[PDB]
Each structure stands twice: as structure tokens, then as C-alpha cells.
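Report on one structure; see the data block that follows.
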Amino acid sequence: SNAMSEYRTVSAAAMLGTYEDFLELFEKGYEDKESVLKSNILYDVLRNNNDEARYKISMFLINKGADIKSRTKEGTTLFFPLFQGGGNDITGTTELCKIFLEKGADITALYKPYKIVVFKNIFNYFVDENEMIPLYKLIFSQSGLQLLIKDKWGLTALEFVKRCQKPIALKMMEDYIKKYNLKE
Amino acid sequence: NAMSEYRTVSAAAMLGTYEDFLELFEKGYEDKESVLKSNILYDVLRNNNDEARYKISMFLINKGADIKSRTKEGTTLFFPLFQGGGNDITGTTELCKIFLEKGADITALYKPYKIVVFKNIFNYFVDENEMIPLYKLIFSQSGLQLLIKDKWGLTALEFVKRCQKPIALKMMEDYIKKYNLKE
């Protein structure tokens, strides 16, 4: 039993192992499946550096009814680890964002420790913006984005995007601000 | 009962609290000397709990962990330090300082991506003012490889130009000029 020896909990398997490793733990581990599903296990999954594992395990848990609306003790939604780690699989990250939104997760909440929009990292992605459009559409279709709120150091989300090389994101943010009539 | 969570000190060091780690180390089954001789410090630097990362790292450093350790791919302790260090800039800076003082090599790339080992710090959300001490530690070292194309085709210099970190960029340009570095 490779995975059963390597991982003591489903949480560990979810963050470090393959989809197959995670399955071994979910089924054969000592923890109660129902307790696992009600936990913030998806937060651990999203931190898996393995894109294929991250996606397959995420979809498995979501389909089994894992908690989508959970928050860390600091108030952080699933969107944060999704966007922090999702740069190498835009198709997968987009799909997961779509599903989180459909299932009621809140993308408007800030990441409190730094007072930043939860998707700030997507503007760091090394992928052509043409590829980012589906994800951009998902995000800007949500009411309540906090684009003009100063972060812990006095920088708003708009100000940040202005200084990246992301003209499409910039245009869409300006459009969002004009649509909703947002002010500084 | 940390052993219900972690079977090894390694697992505790990476996933658990300092207290969990201490229970595995002291009251676990593995031999302390074998653990101290392992590259467990590398695993600690991956711990998402910054309080635990700091406390456990200092514990191992003080007991003589090998600061010059290398993974099979030739990776130094600086890689997990910087990859995971953006939520605690103070502790990240302190650990970098200690690693340099104890002789770790900050010039080695992360070979699989051909990136400089501190590449991720330029993605940190903190204001550059808070990063000056770390920058000063890094740019005072001989032999930084700032003009090597990573697997995405970006040198360290080109990367810092993307989402602007103006202080890092100036300091890089200064460093390139100082050591007359070329592509």
C-alpha cells in the first residue's frame, strides 16, 4: 500500500498525491467520508502542485458534495488557492472557477491578510490573454467586485492591472467600473 | 495524539504545527540522529503555517541541519523558502539571511524550470519597501544568473519587467552593470 503508507490522512493525499493516491485514502483511510466531505478539504486540494491531480480530485469531491462555500479562519474562500496555483492549467482553473460560482462560492470577498481581490494572481499568469477571456468573463459577470479598494499598501486592483501588460483585463475592468458606476 | 495525523516527523514538519513536529520528533519512533541528518528542513519550508515554518526551521537549524543540502535535481533550500515565503516576508528574509551566513548557494537555478531560485519573490503581493532587506541579501551575492532564459523563455530580468517591480528592476540592472554580465 504505497499511498496508505505515504499519507496518514485524506487531507495529505489531497494536497500531495495523485488522484489515485487520494482515492486510496478517501476509500481506505480511517477518516469518515462524511466528515471529510464537510471539511474544508477542497482548500487542501487546490494547493496540489499537480494540475491533473488538482483537477481530478477537485471534480471528484465537488461531485460528491464537498463544501464549496467554506472559508478559512481569516475568511478566505476557495478562490484564493485556486488562483494562486492555477496558472499552468488555464482550461482547468477556468472550469473550476465556473463551477465554484455556480455552486455559490463568493468571489467578491477580499483576501483579508493583504486586502487584495482574490483573483489578483491571474494578472501574473504567463498565458496569452486570448486564453484568459473565458475566465475574465466569469469574473466580470459577478456583481460586487471590489476593484477600487486600497490594499494593505495603498494599491487598488485597478492600479495593479494598469501596470501589468494585460490590456484586455484593463479594458474589461474599466468597463466594469463604468457599468456599475464605481468610485475611488 | 499527533501520530493519528502524521506517521513521520517529515509529515509533521511539512503539514503540522511546531507542537505536532515536536511530538513526532521526541515521542515518535524515528531515530533523532537520522532525522537531523535528513533533508527535512526542505520539507519544513513547504509548511503553509508560517508560525510553524519559523519555529520548526529554527529548531532544526540550531541542531545542525545541513544548510547546504541538495535534492536529487540539485535544488537548494532557497527554492521552497521563496516558493512558499510570500505570506511572511519578515521570516522569509530572516531565513534567507541565515542560509546565506551558513553557506547555502543562492546562485543555483531550480533546474527543472531553469529559473532563479528567488523568482517567486517578484510575484509577492507585499510593497517593495518591505522587500528591500531581502533584495539587499540577494544582490550582494556573487554569481547571480539574471540573464538565463527559463523554460518559458524569460530571463530573470525580463520576468521582473512584466508586472513592474521597479526597485527590483533597478537593482538587477545595477547588478548586471556591476559585473558586466551578458546574455
Side-chain angles (χ1 to χ4, degrees), chain A residues 1 3-17 29-31 43-44 46-49 72-74 76 80-81 83-85 87-88 110-118 120-128 150-155 157 159-166 169, chain B residues 1-16 20 24 28 43 46-51 79-80 83-89 110 112-113 115 119-131 149-154 158-169:
Chain A
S1 303
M4 283 292 286
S5 297
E6 290 156 23
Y7 309 109
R8 165 49 76 203
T9 65
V10 181
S11 174
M15 187 155 54
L16 304 167
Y30 77 89
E31 298 166 277
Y43 202 101
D44 298 336
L46 291 165
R47 292 180 283 186
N48 201 313
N49 297 316
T72 71
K73 67 176 193 190
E74 308 112 281
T76 312
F80 191 71
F83 294 131
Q84 289 304 114
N88 304 119
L110 298 189
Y111 171 67
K112 287 166 195 162
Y114 285 158
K115 236 209 292 182
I116 59 176
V117 293
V118 74
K120 173 163 179 167
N121 196 45
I122 74 175
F123 306 116
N124 284 321
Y125 286 178
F126 187 79
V127 305
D128 196 89
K150 304 281 211 295
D151 68 12
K152 183 185 173 186
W153 304 274
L155 189 75
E159 287 158 1
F160 177 68
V161 173
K162 269 172 285 184
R163 269 148 35 184
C164 293
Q165 260 109 97
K166 304 295 193 161
Chain B
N1 198 24
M3 286 208 58
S4 76
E5 289 281 287
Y6 312 110
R7 193 188 42 87
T8 71
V9 191
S10 169
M14 194 191 306
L15 304 171
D20 293 335
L24 264 295
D43 300 333
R46 306 175 57 191
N47 193 326
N48 298 315
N49 176 334
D50 289 314
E51 181 174 359
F79 184 64
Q83 289 292 101
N87 301 314
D88 172 21
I89 181 68
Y110 177 63
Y113 300 163
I115 58 173
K119 182 182 172 179
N120 194 47
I121 77 174
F122 307 116
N123 289 324
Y124 290 179
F125 299 122
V126 314
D127 182 271
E128 280 194 299
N129 280 6
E130 295 192 8
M131 274 170 88
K149 281 186 191 173
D150 71 17
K151 64 173 288 187
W152 296 279
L154 302 169
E158 288 298 321
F159 179 68
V160 301
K161 297 185 174 177
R162 279 175 57 91
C163 266
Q164 344 271 26
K165 291 311 192 75
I167 301 314
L169 175 57

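Just so you know, these numbers use all the heavy atoms, side chains as well, and skip hydrogens, waters and symmetry mates. We name chains A, B, ... by the order of the sequence lines, and we start the count at 1 in each one.
The structure places NZ of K120(A) at 10.5 Å from CG of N123(B), a figure rounded to the nearest 0.5 Å. Between the CZ atom of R162(B) and the NZ atom of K166(A) there is a distance of 5.5 Å, given to the nearest 0.5 Å.
The environment of CD in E159(A) is crowded: more than 12 heavy-atom neighbours from other residues, nucleotides or ligands sit within 6.0 Å. The 12-atom threshold is not exceeded at NZ of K149(B), counting heavy atoms of other residues, nucleotides or ligands nearer than 6.0 Å.
Between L15(B) and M15(A) the shortest side-chain heavy-atom distance falls below 4.5 Å. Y6(B) is not listed as a side-chain neighbour of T9(A), based on a closest heavy-atom distance of 4.5 Å or more. Between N121(A) and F125(B) the shortest side-chain heavy-atom distance falls below 4.5 Å.
For the pair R8(A) and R7(B), the tightest heavy-atom approach, listed with the atom from each and the gap, is CB-N, 4.3 Å. Minimum heavy-atom separation, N88(A) to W152(B): ND2-CZ2, 4.3 Å.
Using a 4.5 Å cut-off between heavy atoms, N129(B) does not touch chain A at all. Contacts between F123(A) and chain B at a heavy-atom distance below 4.5 Å involve the backbone alone (N, CA, C, O).
Counting heavy-atom pairs closer than 4.5 Å to chain B, the top residue among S5(A), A12(A), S11(A) is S5(A).
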